[PDB]
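**Student:** So that you have it, the file is final-v1.cif, and it contains mmCIF, C-alpha atoms and all ligand atoms:
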```cif
data_input
#
loop_
_atom_site.group_PDB
_atom_site.id
_atom_site.type_symbol
_atom_site.label_atom_id
_atom_site.label_comp_id
_atom_site.auth_asym_id
_atom_site.auth_seq_id
_atom_site.Cartn_x
_atom_site.Cartn_y
_atom_site.Cartn_z
ATOM 1 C CA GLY A 2 -25.399 -11.613 76.125
ATOM 2 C CA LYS A 3 -23.998 -8.385 74.668
ATOM 3 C CA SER A 4 -20.925 -6.421 75.673
ATOM 4 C CA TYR A 5 -20.799 -3.377 73.420
ATOM 5 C CA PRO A 6 -17.424 -1.898 72.577
ATOM 6 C CA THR A 7 -16.303 1.561 73.594
ATOM 7 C CA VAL A 8 -16.273 4.118 70.785
ATOM 8 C CA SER A 9 -14.886 7.647 71.021
ATOM 9 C CA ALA A 10 -17.047 10.709 71.653
ATOM 10 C CA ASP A 11 -16.342 11.783 68.054
ATOM 11 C CA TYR A 12 -17.660 8.440 66.804
ATOM 12 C CA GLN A 13 -20.846 8.879 68.867
ATOM 13 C CA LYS A 14 -21.324 12.417 67.550
ATOM 14 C CA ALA A 15 -21.068 11.098 63.980
ATOM 15 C CA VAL A 16 -23.668 8.411 64.759
ATOM 16 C CA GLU A 17 -26.094 11.061 65.989
ATOM 17 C CA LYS A 18 -25.584 13.351 63.005
ATOM 18 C CA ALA A 19 -25.703 10.465 60.529
ATOM 19 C CA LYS A 20 -29.004 9.319 62.038
ATOM 20 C CA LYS A 21 -30.565 12.721 61.319
ATOM 21 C CA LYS A 22 -29.147 12.922 57.801
ATOM 22 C CA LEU A 23 -30.361 9.365 57.102
ATOM 23 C CA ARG A 24 -33.883 10.321 58.191
ATOM 24 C CA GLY A 25 -34.050 13.192 55.735
ATOM 25 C CA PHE A 26 -32.430 11.279 52.901
ATOM 26 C CA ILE A 27 -34.460 8.089 53.268
ATOM 27 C CA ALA A 28 -37.738 9.983 53.606
ATOM 28 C CA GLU A 29 -36.978 12.169 50.560
ATOM 29 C CA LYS A 30 -35.800 9.286 48.364
ATOM 30 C CA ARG A 31 -38.688 6.979 49.378
ATOM 31 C CA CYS A 32 -36.190 4.177 49.849
ATOM 32 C CA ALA A 33 -36.921 3.007 53.381
ATOM 33 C CA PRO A 34 -37.919 -0.509 52.316
ATOM 34 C CA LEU A 35 -34.822 -0.971 50.175
ATOM 35 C CA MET A 36 -32.672 0.212 53.090
ATOM 36 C CA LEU A 37 -34.346 -2.152 55.524
ATOM 37 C CA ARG A 38 -33.785 -5.002 53.055
ATOM 38 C CA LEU A 39 -30.113 -3.981 52.786
ATOM 39 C CA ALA A 40 -29.639 -3.968 56.562
ATOM 40 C CA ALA A 41 -31.692 -7.058 57.386
ATOM 41 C CA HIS A 42 -30.926 -9.309 54.442
ATOM 42 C CA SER A 43 -27.193 -8.563 54.853
ATOM 43 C CA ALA A 44 -27.215 -9.316 58.621
ATOM 44 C CA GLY A 45 -28.817 -12.659 57.796
ATOM 45 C CA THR A 46 -25.586 -14.233 56.498
ATOM 46 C CA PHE A 47 -24.405 -14.891 60.065
ATOM 47 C CA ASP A 48 -23.517 -18.459 61.015
ATOM 48 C CA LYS A 49 -23.262 -18.861 64.793
ATOM 49 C CA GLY A 50 -21.283 -22.139 64.723
ATOM 50 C CA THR A 51 -18.415 -20.685 62.701
ATOM 51 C CA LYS A 52 -18.917 -17.016 63.695
ATOM 52 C CA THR A 53 -18.751 -16.019 60.011
ATOM 53 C CA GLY A 54 -20.852 -13.573 57.999
ATOM 54 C CA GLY A 55 -23.330 -11.169 59.538
ATOM 55 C CA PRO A 56 -23.771 -7.376 59.537
ATOM 56 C CA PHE A 57 -20.113 -6.435 58.934
ATOM 57 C CA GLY A 58 -20.346 -4.311 55.798
ATOM 58 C CA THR A 59 -19.328 -7.030 53.341
ATOM 59 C CA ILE A 60 -22.535 -6.416 51.345
ATOM 60 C CA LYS A 61 -20.671 -3.351 49.978
ATOM 61 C CA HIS A 62 -18.322 -5.749 48.135
ATOM 62 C CA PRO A 63 -19.144 -6.332 44.431
ATOM 63 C CA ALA A 64 -18.590 -10.072 45.096
ATOM 64 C CA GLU A 65 -21.440 -10.219 47.636
ATOM 65 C CA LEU A 66 -23.712 -7.890 45.633
ATOM 66 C CA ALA A 67 -23.309 -10.318 42.723
ATOM 67 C CA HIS A 68 -25.099 -13.104 44.636
ATOM 68 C CA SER A 69 -28.416 -13.503 42.768
ATOM 69 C CA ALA A 70 -30.413 -13.240 46.022
ATOM 70 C CA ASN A 71 -28.967 -9.739 46.454
ATOM 71 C CA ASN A 72 -30.317 -8.429 43.108
ATOM 72 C CA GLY A 73 -31.109 -4.721 43.531
ATOM 73 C CA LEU A 74 -29.046 -4.204 46.692
ATOM 74 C CA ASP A 75 -26.348 -2.537 44.572
ATOM 75 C CA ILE A 76 -28.855 0.341 44.200
ATOM 76 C CA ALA A 77 -29.052 0.637 48.000
ATOM 77 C CA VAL A 78 -25.276 0.679 48.394
ATOM 78 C CA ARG A 79 -24.911 3.328 45.673
ATOM 79 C CA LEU A 80 -27.670 5.504 47.161
ATOM 80 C CA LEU A 81 -25.863 5.585 50.506
ATOM 81 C CA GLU A 82 -22.324 6.294 49.253
ATOM 82 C CA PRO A 83 -22.567 10.102 49.111
ATOM 83 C CA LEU A 84 -23.970 10.304 52.654
ATOM 84 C CA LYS A 85 -21.521 7.711 53.964
ATOM 85 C CA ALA A 86 -18.680 9.875 52.640
ATOM 86 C CA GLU A 87 -19.831 12.700 54.959
ATOM 87 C CA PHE A 88 -19.116 10.355 57.902
ATOM 88 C CA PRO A 89 -15.710 8.825 57.187
ATOM 89 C CA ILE A 90 -15.250 7.862 60.863
ATOM 90 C CA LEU A 91 -18.212 5.443 60.767
ATOM 91 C CA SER A 92 -17.812 1.841 59.664
ATOM 92 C CA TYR A 93 -19.918 0.780 56.681
ATOM 93 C CA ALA A 94 -21.196 -2.001 58.947
ATOM 94 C CA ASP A 95 -22.592 0.519 61.455
ATOM 95 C CA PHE A 96 -23.821 2.871 58.727
ATOM 96 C CA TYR A 97 -25.893 0.163 57.031
ATOM 97 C CA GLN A 98 -27.448 -1.003 60.297
ATOM 98 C CA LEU A 99 -28.200 2.587 61.248
ATOM 99 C CA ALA A 100 -29.906 3.031 57.869
ATOM 100 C CA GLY A 101 -32.094 0.000 58.659
ATOM 101 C CA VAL A 102 -33.047 1.382 62.089
ATOM 102 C CA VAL A 103 -33.880 4.742 60.509
ATOM 103 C CA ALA A 104 -35.916 3.069 57.730
ATOM 104 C CA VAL A 105 -38.178 1.520 60.377
ATOM 105 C CA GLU A 106 -38.460 4.796 62.315
ATOM 106 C CA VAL A 107 -39.272 7.078 59.371
ATOM 107 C CA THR A 108 -42.039 4.769 58.147
ATOM 108 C CA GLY A 109 -43.692 4.969 61.583
ATOM 109 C CA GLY A 110 -42.256 1.841 63.192
ATOM 110 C CA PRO A 111 -40.772 1.271 66.631
ATOM 111 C CA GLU A 112 -37.518 2.828 67.746
ATOM 112 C CA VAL A 113 -35.007 -0.017 67.450
ATOM 113 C CA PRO A 114 -32.053 0.476 69.849
ATOM 114 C CA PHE A 115 -28.721 1.046 68.113
ATOM 115 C CA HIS A 116 -25.233 0.456 69.462
ATOM 116 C CA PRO A 117 -22.155 1.458 67.476
ATOM 117 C CA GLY A 118 -18.867 -0.381 67.058
ATOM 118 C CA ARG A 119 -19.184 -2.989 64.298
ATOM 119 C CA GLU A 120 -15.918 -3.425 62.400
ATOM 120 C CA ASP A 121 -15.852 -3.737 58.597
ATOM 121 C CA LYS A 122 -14.690 -7.266 57.837
ATOM 122 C CA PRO A 123 -12.511 -8.203 54.833
ATOM 123 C CA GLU A 124 -14.186 -11.384 53.574
ATOM 124 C CA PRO A 125 -17.773 -11.799 52.380
ATOM 125 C CA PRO A 126 -19.423 -15.027 53.556
ATOM 126 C CA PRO A 127 -20.104 -17.758 50.988
ATOM 127 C CA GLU A 128 -23.242 -17.451 48.855
ATOM 128 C CA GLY A 129 -26.303 -19.500 49.837
ATOM 129 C CA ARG A 130 -27.019 -18.561 53.467
ATOM 130 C CA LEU A 131 -29.958 -16.205 52.916
ATOM 131 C CA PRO A 132 -33.582 -17.262 53.530
ATOM 132 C CA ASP A 133 -35.144 -18.741 50.373
ATOM 133 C CA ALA A 134 -38.580 -17.286 49.533
ATOM 134 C CA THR A 135 -39.695 -20.542 47.921
ATOM 135 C CA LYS A 136 -39.134 -22.710 51.007
ATOM 136 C CA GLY A 137 -41.100 -23.254 54.228
ATOM 137 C CA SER A 138 -40.960 -23.474 58.011
ATOM 138 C CA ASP A 139 -38.206 -26.119 58.268
ATOM 139 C CA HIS A 140 -36.030 -23.914 56.098
ATOM 140 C CA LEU A 141 -36.793 -20.774 58.124
ATOM 141 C CA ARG A 142 -35.698 -22.572 61.285
ATOM 142 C CA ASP A 143 -32.536 -23.797 59.537
ATOM 143 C CA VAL A 144 -31.536 -20.243 58.548
ATOM 144 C CA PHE A 145 -32.838 -18.074 61.401
ATOM 145 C CA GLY A 146 -32.443 -20.705 64.129
ATOM 146 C CA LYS A 147 -29.578 -23.074 63.337
ATOM 147 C CA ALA A 148 -27.416 -20.505 61.522
ATOM 148 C CA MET A 149 -28.350 -17.078 62.911
ATOM 149 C CA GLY A 150 -29.310 -18.191 66.429
ATOM 150 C CA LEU A 151 -32.646 -16.343 66.565
ATOM 151 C CA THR A 152 -35.920 -17.596 68.096
ATOM 152 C CA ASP A 153 -39.235 -18.649 66.531
ATOM 153 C CA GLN A 154 -40.757 -15.408 67.843
ATOM 154 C CA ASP A 155 -37.966 -13.459 66.078
ATOM 155 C CA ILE A 156 -38.723 -15.283 62.807
ATOM 156 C CA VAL A 157 -42.365 -14.207 62.761
ATOM 157 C CA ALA A 158 -41.729 -10.661 63.997
ATOM 158 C CA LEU A 159 -38.938 -10.131 61.450
ATOM 159 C CA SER A 160 -41.075 -11.505 58.614
ATOM 160 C CA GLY A 161 -43.200 -8.450 59.418
ATOM 161 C CA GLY A 162 -40.441 -6.283 57.908
ATOM 162 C CA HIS A 163 -42.276 -7.033 54.653
ATOM 163 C CA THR A 164 -44.991 -4.695 55.929
ATOM 164 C CA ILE A 165 -43.007 -2.092 53.990
ATOM 165 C CA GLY A 166 -41.883 -2.401 50.401
ATOM 166 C CA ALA A 167 -42.375 -4.700 47.465
ATOM 167 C CA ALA A 168 -40.805 -7.432 45.381
ATOM 168 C CA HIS A 169 -39.683 -6.732 41.810
ATOM 169 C CA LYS A 170 -39.807 -9.184 38.924
ATOM 170 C CA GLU A 171 -36.349 -8.030 37.766
ATOM 171 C CA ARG A 172 -34.863 -8.592 41.253
ATOM 172 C CA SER A 173 -36.226 -11.720 42.933
ATOM 173 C CA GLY A 174 -38.835 -12.423 40.275
ATOM 174 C CA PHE A 175 -41.708 -11.983 42.710
ATOM 175 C CA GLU A 176 -43.683 -8.799 42.159
ATOM 176 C CA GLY A 177 -45.599 -6.226 44.124
ATOM 177 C CA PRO A 178 -46.235 -4.981 47.662
ATOM 178 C CA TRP A 179 -47.258 -7.140 50.597
ATOM 179 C CA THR A 180 -49.534 -4.361 51.879
ATOM 180 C CA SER A 181 -51.833 -1.567 50.657
ATOM 181 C CA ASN A 182 -49.574 0.942 52.460
ATOM 182 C CA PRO A 183 -46.005 -0.113 51.585
ATOM 183 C CA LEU A 184 -44.348 2.994 53.072
ATOM 184 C CA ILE A 185 -46.149 2.651 56.412
ATOM 185 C CA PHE A 186 -44.699 0.388 59.075
ATOM 186 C CA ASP A 187 -47.688 -1.298 60.733
ATOM 187 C CA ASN A 188 -49.092 -4.784 61.375
ATOM 188 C CA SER A 189 -50.844 -4.978 57.950
ATOM 189 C CA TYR A 190 -48.457 -7.696 56.749
ATOM 190 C CA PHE A 191 -50.136 -10.037 59.276
ATOM 191 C CA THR A 192 -53.698 -8.800 58.637
ATOM 192 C CA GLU A 193 -53.218 -9.444 54.912
ATOM 193 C CA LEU A 194 -51.705 -12.873 55.561
ATOM 194 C CA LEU A 195 -54.814 -13.814 57.562
ATOM 195 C CA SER A 196 -57.438 -12.356 55.183
ATOM 196 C CA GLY A 197 -56.307 -14.507 52.257
ATOM 197 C CA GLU A 198 -54.982 -13.667 48.804
ATOM 198 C CA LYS A 199 -56.172 -10.133 47.975
ATOM 199 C CA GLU A 200 -55.626 -9.148 44.338
ATOM 200 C CA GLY A 201 -52.697 -6.777 43.895
ATOM 201 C CA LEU A 202 -50.857 -7.969 47.021
ATOM 202 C CA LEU A 203 -47.950 -10.396 47.366
ATOM 203 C CA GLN A 204 -47.452 -13.414 49.606
ATOM 204 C CA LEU A 205 -44.214 -15.397 49.250
ATOM 205 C CA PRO A 206 -44.262 -19.141 49.996
ATOM 206 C CA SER A 207 -42.046 -18.228 52.992
ATOM 207 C CA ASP A 208 -44.734 -15.811 54.274
ATOM 208 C CA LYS A 209 -47.448 -18.460 53.770
ATOM 209 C CA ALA A 210 -45.365 -20.965 55.763
ATOM 210 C CA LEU A 211 -46.047 -18.910 58.902
ATOM 211 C CA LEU A 212 -49.794 -19.650 58.700
ATOM 212 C CA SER A 213 -49.586 -23.443 58.864
ATOM 213 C CA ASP A 214 -46.794 -23.869 61.449
ATOM 214 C CA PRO A 215 -48.023 -24.673 65.009
ATOM 215 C CA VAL A 216 -45.587 -22.213 66.614
ATOM 216 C CA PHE A 217 -45.598 -19.455 63.984
ATOM 217 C CA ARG A 218 -49.395 -19.220 63.570
ATOM 218 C CA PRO A 219 -50.253 -18.068 67.128
ATOM 219 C CA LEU A 220 -47.651 -15.327 66.632
ATOM 220 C CA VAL A 221 -49.230 -14.228 63.342
ATOM 221 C CA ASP A 222 -52.598 -14.105 65.142
ATOM 222 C CA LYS A 223 -51.122 -12.110 68.046
ATOM 223 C CA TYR A 224 -49.515 -9.521 65.767
ATOM 224 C CA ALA A 225 -52.599 -9.136 63.565
ATOM 225 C CA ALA A 226 -54.688 -8.476 66.695
ATOM 226 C CA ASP A 227 -52.156 -6.358 68.617
ATOM 227 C CA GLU A 228 -49.906 -3.901 66.760
ATOM 228 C CA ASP A 229 -48.268 -2.840 70.052
ATOM 229 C CA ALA A 230 -47.209 -6.448 70.701
ATOM 230 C CA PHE A 231 -45.871 -6.617 67.137
ATOM 231 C CA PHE A 232 -43.871 -3.410 67.602
ATOM 232 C CA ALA A 233 -42.359 -4.667 70.871
ATOM 233 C CA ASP A 234 -41.348 -8.059 69.473
ATOM 234 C CA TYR A 235 -40.178 -6.503 66.192
ATOM 235 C CA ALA A 236 -37.908 -3.998 67.942
ATOM 236 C CA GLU A 237 -36.359 -6.819 69.987
ATOM 237 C CA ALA A 238 -35.847 -9.027 66.903
ATOM 238 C CA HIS A 239 -34.459 -6.266 64.675
ATOM 239 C CA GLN A 240 -31.970 -5.297 67.360
ATOM 240 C CA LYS A 241 -30.813 -8.923 67.677
ATOM 241 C CA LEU A 242 -30.566 -9.344 63.885
ATOM 242 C CA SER A 243 -28.565 -6.107 63.533
ATOM 243 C CA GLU A 244 -26.138 -7.326 66.223
ATOM 244 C CA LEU A 245 -25.506 -10.921 65.113
ATOM 245 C CA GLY A 246 -21.853 -11.787 65.765
ATOM 246 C CA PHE A 247 -21.321 -8.331 67.233
ATOM 247 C CA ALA A 248 -20.478 -7.670 70.890
ATOM 248 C CA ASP A 249 -20.807 -11.471 71.372
HETATM 249 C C1 LIG B 1 -38.090 -14.386 56.462
HETATM 250 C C2 LIG B 1 -37.228 -14.667 55.471
HETATM 251 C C3 LIG B 1 -37.134 -13.672 54.292
HETATM 252 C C4 LIG B 1 -37.325 -13.940 52.996
HETATM 253 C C5 LIG B 1 -37.659 -15.309 52.376
HETATM 254 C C6 LIG B 1 -37.182 -12.702 52.271
HETATM 255 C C7 LIG B 1 -37.301 -12.545 50.912
HETATM 256 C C8 LIG B 1 -37.492 -11.337 50.268
HETATM 257 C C9 LIG B 1 -37.737 -11.178 48.849
HETATM 258 C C10 LIG B 1 -37.824 -12.350 47.837
HETATM 259 C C11 LIG B 1 -37.863 -9.868 48.602
HETATM 260 C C12 LIG B 1 -38.133 -9.202 47.241
HETATM 261 C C13 LIG B 1 -36.867 -8.627 46.612
HETATM 262 C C14 LIG B 1 -37.235 -7.950 45.322
HETATM 263 O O1 LIG B 1 -37.676 -8.646 44.372
HETATM 264 O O2 LIG B 1 -37.113 -6.708 45.247
HETATM 265 C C15 LIG B 1 -37.700 -9.169 49.853
HETATM 266 C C16 LIG B 1 -37.787 -7.810 50.015
HETATM 267 C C17 LIG B 1 -37.767 -7.144 51.209
HETATM 268 N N1 LIG B 1 -37.360 -7.683 52.417
HETATM 269 FE FE1 LIG B 1 -37.181 -9.686 52.813
HETATM 270 N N2 LIG B 1 -36.906 -11.689 53.163
HETATM 271 C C18 LIG B 1 -36.859 -12.252 54.416
HETATM 272 C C19 LIG B 1 -36.566 -11.576 55.569
HETATM 273 C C20 LIG B 1 -36.584 -10.218 55.734
HETATM 274 C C21 LIG B 1 -36.320 -9.520 56.972
HETATM 275 C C22 LIG B 1 -35.923 -10.206 58.299
HETATM 276 C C23 LIG B 1 -36.491 -8.217 56.739
HETATM 277 C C24 LIG B 1 -36.354 -7.024 57.696
HETATM 278 C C25 LIG B 1 -36.779 -7.111 58.960
HETATM 279 C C26 LIG B 1 -36.856 -8.065 55.352
HETATM 280 C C27 LIG B 1 -37.132 -6.884 54.725
HETATM 281 C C28 LIG B 1 -37.455 -6.728 53.408
HETATM 282 C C29 LIG B 1 -37.972 -5.516 52.857
HETATM 283 C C30 LIG B 1 -38.268 -4.216 53.601
HETATM 284 C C31 LIG B 1 -38.171 -5.776 51.391
HETATM 285 C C32 LIG B 1 -38.716 -4.809 50.337
HETATM 286 C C33 LIG B 1 -37.567 -4.251 49.505
HETATM 287 C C34 LIG B 1 -38.037 -3.211 48.514
HETATM 288 O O3 LIG B 1 -39.155 -2.655 48.661
HETATM 289 O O4 LIG B 1 -37.263 -2.936 47.566
HETATM 290 N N3 LIG B 1 -36.899 -9.305 54.751
HETATM 291 N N4 LIG B 1 -37.473 -10.081 50.855
HETATM 292 NA NA NA B 2 -47.730 -1.512 55.603
#
```
Go ahead and render the structure in this file as structure tokens.

**Tutor:**
Amino acid sequence: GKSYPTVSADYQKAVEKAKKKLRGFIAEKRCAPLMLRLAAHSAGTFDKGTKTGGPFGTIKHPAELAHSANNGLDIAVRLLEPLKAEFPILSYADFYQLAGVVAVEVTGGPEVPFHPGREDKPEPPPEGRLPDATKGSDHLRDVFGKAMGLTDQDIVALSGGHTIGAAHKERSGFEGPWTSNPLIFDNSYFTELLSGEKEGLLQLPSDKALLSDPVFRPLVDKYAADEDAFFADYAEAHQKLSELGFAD
């Protein structure tokens, strides 16, 4: 359902160069998971009914960073500012989504297609739209389905983004990595979810909700058994998430 806008050759050249610089920077700084959180969590404010929120660079705004759910994302925004300044032609909206795509690539994940042209929007969406880690499957469908317009398959695949990174007690309050290899993008998130509660690893109530839902569970099983199938579905879901409200 997407009709991507035309951008100039100079814009495209900046995208290509920024992608390379983001690879080096994100790998060096060890911040891929934080960048993926920035891209993905920020895209998740989209409401399809009203066509408000979404991946339009408003997460840069102090007012949106101040939302308690976004604790720590100010670090991500600050880390990217020097690099962003080398590419003044790019929108912040595109830059942040490109950083998320690169985060997945540099950690060994699939190549998520990227299309430029998002325009930086003036108004942050209201607080309260983000997925709540303490809630369950009904809630996930409310946020990803009813608001964002994504599928049940997308919900499970995207939950797999937690295959990289960790929670922090000073940010959300939850603490620790979901996987034993939190800088490696693989299907371990699902393997760990299936194996039970291993000491030292994190499972949010929202992760656990996937195991007991009739639709989500077969997907967890599929991804734990078949990393290729996970990578395919993940790349599709991440692209859709990164493009909510954009190009239709
Ligand atoms: C499914 C609903 C989701 C919930 C309930 C959720 C919740 C959370 C929470 C509570 C944290 C910990 C923040 C902290 O304390 O530092 C977190 C981190 C993270 N999230 Fe999500 N999230 C969701 C969806 C996503 C999606 C769709 C992606 C990307 C595809 C994603 C990527 C990440 C990553 C990579 C981190 C680690 C950040 C770091 O290492 O600093 N999350 N998420
Ligand atoms: Na991992």

**Student:** Show me which residues line ligand LIG 1 (chain B), defined as having an atom within 7 Å of a ligand atom where all atoms listed in the file count, and present them as a PyMOL selection string.

**Tutor:** chain A and resi 34-35+37-38+41-42+73+132-134+141+156+159-163+165-176+207+239

**Student:** Using all atoms listed in the file, which protein or nucleic acid residues come within 12 Å of residue A:101? Drop anything in the same chain fewer than 5 positions from it, and give the result as a ChimeraX atom specification.

**Tutor:** /A:20,23-24,27,32-44,56,77,81,94-96,106-108,110-115,162,236,239-240,242-243

**Student:** Which residues sit within 10 Å of ligand NA 2 (chain B), counting only C-alpha atoms and all ligand atoms, listed as a ChimeraX atom specification?

**Tutor:** /A:108-110,161-166,178-193

**Student:** Since I can't run it myself right now, could you work out what the PyMOL selection byres (((chain A and resi 118) around 7) and not hetatm) selects here and report it as a count of residues only?

**Tutor:** 7

**Student:** For this structure, which residues satisfy the selection - the PyMOL selection byres (((chain A and resi 11-15) around 8) and not hetatm) - when it is evaluated on the file as given? I want them as a PDB file with C-alpha atoms, in the frame of the given file.

**Tutor:**
```
ATOM      1  CA  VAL A   8     -16.273   4.118  70.785  1.00  0.00           C
ATOM      2  CA  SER A   9     -14.886   7.647  71.021  1.00  0.00           C
ATOM      3  CA  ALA A  10     -17.047  10.709  71.653  1.00  0.00           C
ATOM      4  CA  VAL A  16     -23.668   8.411  64.759  1.00  0.00           C
ATOM      5  CA  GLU A  17     -26.094  11.061  65.989  1.00  0.00           C
ATOM      6  CA  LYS A  18     -25.584  13.351  63.005  1.00  0.00           C
ATOM      7  CA  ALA A  19     -25.703  10.465  60.529  1.00  0.00           C
ATOM      8  CA  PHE A  88     -19.116  10.355  57.902  1.00  0.00           C
ATOM      9  CA  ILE A  90     -15.250   7.862  60.863  1.00  0.00           C
ATOM     10  CA  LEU A  91     -18.212   5.443  60.767  1.00  0.00           C
ATOM     11  CA  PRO A 117     -22.155   1.458  67.476  1.00  0.00           C
TER      12      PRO A 117
END
```

**Student:** Mind telling me what the PyMOL selection byres (((chain A and resi 213-215) around 12) and not hetatm) catches here, as a PyMOL selection string?

**Tutor:** chain A and resi 137-139+141-142+153+156-157+194-195+206-212+216-222

**Student:** Between atom CA of residue A:158 and atom CA of residue A:233, measure the distance and give it in Å to one decimal.

**Tutor:**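 It comes out at 9.1 Å.
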
**Student:** Interatomic distance between atom CA of residue A:48 and atom CA of residue A:123?

**Tutor:**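 About the pair atom CA of residue A:48 and atom CA of residue A:123: they are 16.3 Å apart.
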
**Student:** At what distance in Å, to one decimal, does atom CA of residue A:231 lie from atom CA of residue A:200?

**Tutor:**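 Straight-line distance from atom CA of residue A:200 to atom CA of residue A:231 works out to 24.9 Å.
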